[PDB]
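S.K.: Quick one: the structure is below, questions incoming.
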Amino acid sequence: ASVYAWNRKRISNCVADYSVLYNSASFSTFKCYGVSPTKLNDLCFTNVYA
Amino acid sequence: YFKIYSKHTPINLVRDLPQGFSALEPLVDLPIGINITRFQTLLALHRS
Amino acid sequence: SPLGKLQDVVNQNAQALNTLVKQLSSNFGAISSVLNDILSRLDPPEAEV
């Protein structure tokens, strides 16, 4: 989407593979705020908003 | 999150919101993630 | 309330202990009042702070 029309998807009722994102490493910046960038984001989450 | 809390009660009194205490048990929580700024009540009718 | 002095003493002690327990669950300027979540939501270097 364009910046102004930011598109929001709700990630609900599914298990997540956070480590594929981390080990891909093709992501230029993978900066994490409030949650660990050291593979500790694998926690139970009520709401994941993308 | 859009949260709806519900409670059902019998009533025997005419008008003007009879007194009493009743905690509202939660009913549903819709993970919609949308913006709500206005709401219109919906009422059915009868035809004969 | 004939034994009000002893009751006041035990009430003050109970209030002090309750205040200590409540202060245990205070944020103290951190992100959360629980430390295990800090360990799980931060790497060791950032979490130390």
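In the structure tokens, the first chain shown is A, the next is B, and so on; residue numbers restart at 1 for each chain, and ligands run from 1 in the order shown.
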Residue 31 in chain B: which residues within 12 Å, counting only C-alpha atoms, same-chain residues fewer than 6 positions away excluded, as number ranges by chain?

M.R.: A: 9-13, 46-49; B: 1-4

S.K.: Keeping only N, CA and C atoms, write the selected residues as a CSV table (one decimal), in the first residue's frame.

M.R.:
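After the write, out_20.csv holds the following:
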```
chain,number,residue,atom,x,y,z
A,9,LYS,N,-3.5,-5.5,8.5
A,9,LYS,CA,-4.0,-6.9,8.5
A,9,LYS,C,-4.0,-7.3,9.9
A,10,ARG,N,-4.9,-8.1,10.4
A,10,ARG,CA,-4.9,-8.7,11.7
A,10,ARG,C,-4.5,-10.1,11.7
A,11,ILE,N,-3.4,-10.4,12.4
A,11,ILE,CA,-2.9,-11.8,12.5
A,11,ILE,C,-3.6,-12.4,13.7
A,12,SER,N,-4.6,-13.3,13.5
A,12,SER,CA,-5.4,-13.9,14.5
A,12,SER,C,-5.5,-15.4,14.4
A,13,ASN,N,-5.4,-16.1,15.6
A,13,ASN,CA,-5.7,-17.5,15.8
A,13,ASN,C,-4.8,-18.4,14.9
A,46,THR,N,-2.0,-11.5,22.2
A,46,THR,CA,-3.4,-11.4,21.9
A,46,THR,C,-3.6,-10.8,20.5
A,47,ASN,N,-2.8,-9.9,20.1
A,47,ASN,CA,-3.0,-9.2,18.8
A,47,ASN,C,-1.7,-8.9,18.1
A,48,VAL,N,-1.6,-9.4,16.9
A,48,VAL,CA,-0.5,-9.1,16.0
A,48,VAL,C,-1.1,-8.3,14.9
A,49,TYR,N,-0.7,-7.0,14.7
A,49,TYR,CA,-1.1,-6.1,13.7
A,49,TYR,C,0.0,-5.8,12.8
B,1,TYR,N,-10.1,-3.7,19.7
B,1,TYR,CA,-11.1,-4.7,20.1
B,1,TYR,C,-12.4,-4.1,20.4
B,2,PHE,N,-13.5,-4.6,19.8
B,2,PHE,CA,-14.9,-4.2,20.1
B,2,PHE,C,-15.5,-5.2,21.0
B,3,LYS,N,-15.8,-4.7,22.2
B,3,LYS,CA,-16.2,-5.6,23.3
B,3,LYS,C,-17.7,-5.4,23.6
B,4,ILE,N,-18.5,-6.4,23.6
B,4,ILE,CA,-19.9,-6.4,23.9
B,4,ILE,C,-20.1,-7.2,25.1
```

S.K.: So that each row is one residue of chain A with an atom at most 6 Å from chain C, can you give its shortest atom pair and the distance in Å to one decimal, using only C-alpha atoms, rows by chain and rising number, as CSV?

M.R.:
```
residue,atom,partner,partner_atom,distance
A:35,CA,C:41,CA,4.5
A:36,CA,C:42,CA,4.1
A:38,CA,C:43,CA,5.9
A:40,CA,C:40,CA,5.8
```

S.K.: Using only C-alpha atoms, tabulate the residues of chain B lying at most 12 Å from any atom of chain A, each with its closest atom pair and that distance in Å to one decimal, by chain and increasing residue number, as a Markdown table.

M.R.:
```
| residue | atom | partner | partner_atom | distance |
| --- | --- | --- | --- | --- |
| B:1 | CA | A:47 | CA | 9.3 |
| B:29 | CA | A:46 | CA | 11.7 |
| B:30 | CA | A:12 | CA | 11.1 |
| B:31 | CA | A:10 | CA | 8.1 |
| B:32 | CA | A:10 | CA | 8.1 |
| B:33 | CA | A:10 | CA | 7.6 |
| B:34 | CA | A:8 | CA | 9.7 |
```

S.K.: Save out the residues we just selected, N, CA and C atoms, as a PDB file, in the first residue's frame.

M.R.:
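Listed below is the output, result39.pdb:
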```pdb
ATOM      1  N   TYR B   1     -10.134  -3.659  19.686  1.00  0.00           N
ATOM      2  CA  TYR B   1     -11.088  -4.689  20.064  1.00  0.00           C
ATOM      3  C   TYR B   1     -12.433  -4.064  20.396  1.00  0.00           C
ATOM      4  N   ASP B  29     -15.991 -10.520  22.053  1.00  0.00           N
ATOM      5  CA  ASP B  29     -14.944  -9.538  21.814  1.00  0.00           C
ATOM      6  C   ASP B  29     -14.560  -9.754  20.359  1.00  0.00           C
ATOM      7  N   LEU B  30     -14.949  -8.817  19.496  1.00  0.00           N
ATOM      8  CA  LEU B  30     -14.724  -8.937  18.064  1.00  0.00           C
ATOM      9  C   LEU B  30     -13.393  -8.301  17.697  1.00  0.00           C
ATOM     10  N   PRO B  31     -12.392  -9.078  17.297  1.00  0.00           N
ATOM     11  CA  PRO B  31     -11.121  -8.496  16.861  1.00  0.00           C
ATOM     12  C   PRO B  31     -11.217  -7.824  15.498  1.00  0.00           C
ATOM     13  N   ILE B  32     -11.981  -6.737  15.401  1.00  0.00           N
ATOM     14  CA  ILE B  32     -12.198  -6.111  14.101  1.00  0.00           C
ATOM     15  C   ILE B  32     -11.088  -5.122  13.745  1.00  0.00           C
ATOM     16  N   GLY B  33     -10.594  -4.358  14.718  1.00  0.00           N
ATOM     17  CA  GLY B  33      -9.562  -3.367  14.449  1.00  0.00           C
ATOM     18  C   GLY B  33     -10.005  -2.252  13.530  1.00  0.00           C
ATOM     19  N   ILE B  34     -11.231  -1.746  13.709  1.00  0.00           N
ATOM     20  CA  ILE B  34     -11.797  -0.684  12.882  1.00  0.00           C
ATOM     21  C   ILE B  34     -12.165   0.513  13.761  1.00  0.00           C
TER      22      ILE B  34
END
```

S.K.: Which of these residues is nearest to residue 10 in chain B, using only C-alpha atoms: B:42, B:27, B:47, B:22?

M.R.: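 Checking each of B:42, B:27, B:47, B:22 against residue 10 in chain B, counting only C-alpha atoms, the winner is B:22.
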
S.K.: Could you give me, as a short mmCIF file (atom, residue, chain, number, x, y, z; two decimals) with N, CA, C and O atoms, in the first residue's frame, each residue of chain B that DSSP assigns to strand (DSSP E or B) when run on this structure's backbone?

M.R.:
```cif
data_model
loop_
_atom_site.label_atom_id
_atom_site.label_comp_id
_atom_site.auth_asym_id
_atom_site.auth_seq_id
_atom_site.Cartn_x
_atom_site.Cartn_y
_atom_site.Cartn_z
N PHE B 2 -13.49 -4.62 19.82
CA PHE B 2 -14.86 -4.17 20.06
C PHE B 2 -15.50 -5.17 21.02
O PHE B 2 -15.76 -6.32 20.65
N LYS B 3 -15.76 -4.73 22.24
CA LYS B 3 -16.25 -5.60 23.31
C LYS B 3 -17.73 -5.36 23.57
O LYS B 3 -18.15 -4.21 23.75
N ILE B 4 -18.50 -6.44 23.59
CA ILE B 4 -19.93 -6.40 23.89
C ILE B 4 -20.14 -7.24 25.14
O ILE B 4 -19.74 -8.41 25.18
N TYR B 5 -20.74 -6.65 26.16
CA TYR B 5 -21.06 -7.34 27.41
C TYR B 5 -22.57 -7.42 27.53
O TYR B 5 -23.26 -6.42 27.29
N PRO B 26 -19.21 -10.72 30.39
CA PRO B 26 -18.81 -10.54 28.99
C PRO B 26 -19.46 -11.56 28.07
O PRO B 26 -19.69 -12.71 28.43
N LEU B 27 -19.76 -11.11 26.85
CA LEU B 27 -20.40 -11.92 25.83
C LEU B 27 -19.49 -12.24 24.67
O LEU B 27 -19.31 -13.41 24.32
N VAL B 28 -18.89 -11.22 24.05
CA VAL B 28 -18.08 -11.41 22.85
C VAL B 28 -17.08 -10.27 22.78
O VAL B 28 -17.25 -9.21 23.38
N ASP B 29 -15.99 -10.52 22.05
CA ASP B 29 -14.94 -9.54 21.81
C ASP B 29 -14.56 -9.75 20.36
O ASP B 29 -13.94 -10.77 20.03
N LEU B 30 -14.95 -8.82 19.50
CA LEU B 30 -14.72 -8.94 18.06
C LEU B 30 -13.39 -8.30 17.70
O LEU B 30 -13.26 -7.07 17.78
#
```

S.K.: Write out as a ChimeraX atom specification all residues of chain A that backbone DSSP assigns to alpha helix (DSSP H).

M.R.: /A:18-24
